[PDB]
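**Student:** Sequence plus experimental coordinates follow:
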Amino acid sequence: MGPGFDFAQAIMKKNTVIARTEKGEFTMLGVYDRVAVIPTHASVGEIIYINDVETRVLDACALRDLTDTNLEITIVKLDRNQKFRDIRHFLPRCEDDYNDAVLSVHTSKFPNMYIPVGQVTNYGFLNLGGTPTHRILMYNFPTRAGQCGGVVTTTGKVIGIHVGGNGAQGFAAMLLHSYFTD
């Protein structure tokens, strides 16, 4: 509809895949080369389906902060025959708040879904399904079941992936440039 949805659509069209684990289907953001991210509760194993293709997992790392607290981001390296467009220059360097964000989802259940979620708070600590979690972003949209992995963007920035909600609010794990230095 406008420049927020334009930037969101540009990321979805080139930098997402449908990830299937034994825990269900997730939006999965490709970041560079064969490296992608998914919520840690997807429980990535040795084999994953990527757009319904059986794919060996070369590495999978559940991120935690230096306090040894869950970040709810798993960085996955895929045995895929094709690289992602490198979008690391769209990642923020620091924890921050944002205006006018879009949550974008692409699954079997929710194809080509874009949600204007409005203002994003640097919320920090969240007890997420019983697990203490840091670097949480919050938006006042009633997200449901089927949004996990969904990409949170502003114009110019990819800021997080959707990991949960309480029925009134949705919560995203921050993406930071420092997660993907090589």
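**Tutor:** Looks like it arrived, so ask away. Residues are numbered from 1 along each chain as shown.
**Student:** Identify all contacting residues around stretch 121-141.
**Tutor:** Stretch 121-141 is contacted by residues 41, 65, 67, 69-72, 95-98, 101, 103, 115, 117-120, 152, 159-160, 163-164, 168-174, 176 when judged by Cβ atoms under 8 Å, 6 or more residues apart in numbering. Every C-beta, even on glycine, is put in place using the N, C-alpha and C of the backbone.
**Student:** measure it end to end?
**Tutor:** 12 Å (Cα to Cα, to the nearest Å).
**Student:** Name the single longest strand found in the chain.
**Tutor:** strand 113-128 (DSSP state E).
**Student:** buried ones in it?
**Tutor:** Under the neighbour-count criterion of 16 or more other Cβ atoms under 10 Å, strand 113-128 has 113, 114, 115, 117, 120, 123, 126, 128 buried.
**Student:** which of those lies closest to residue 15?
**Tutor:** Among those, residue 114 lies closest to residue 15 (Cβ to Cβ), at 14.7 Å.
**Student:** ok, what's across the strand from the residue nearest the centre of the chain?
**Tutor:** Most central in the chain under Cα atoms, centre = their mean is residue 161, positioned 2.5 Å from the mean C-alpha point. Going by DSSP bridges, residue 161 is paired in beta bridges with residue 151, residue 173.
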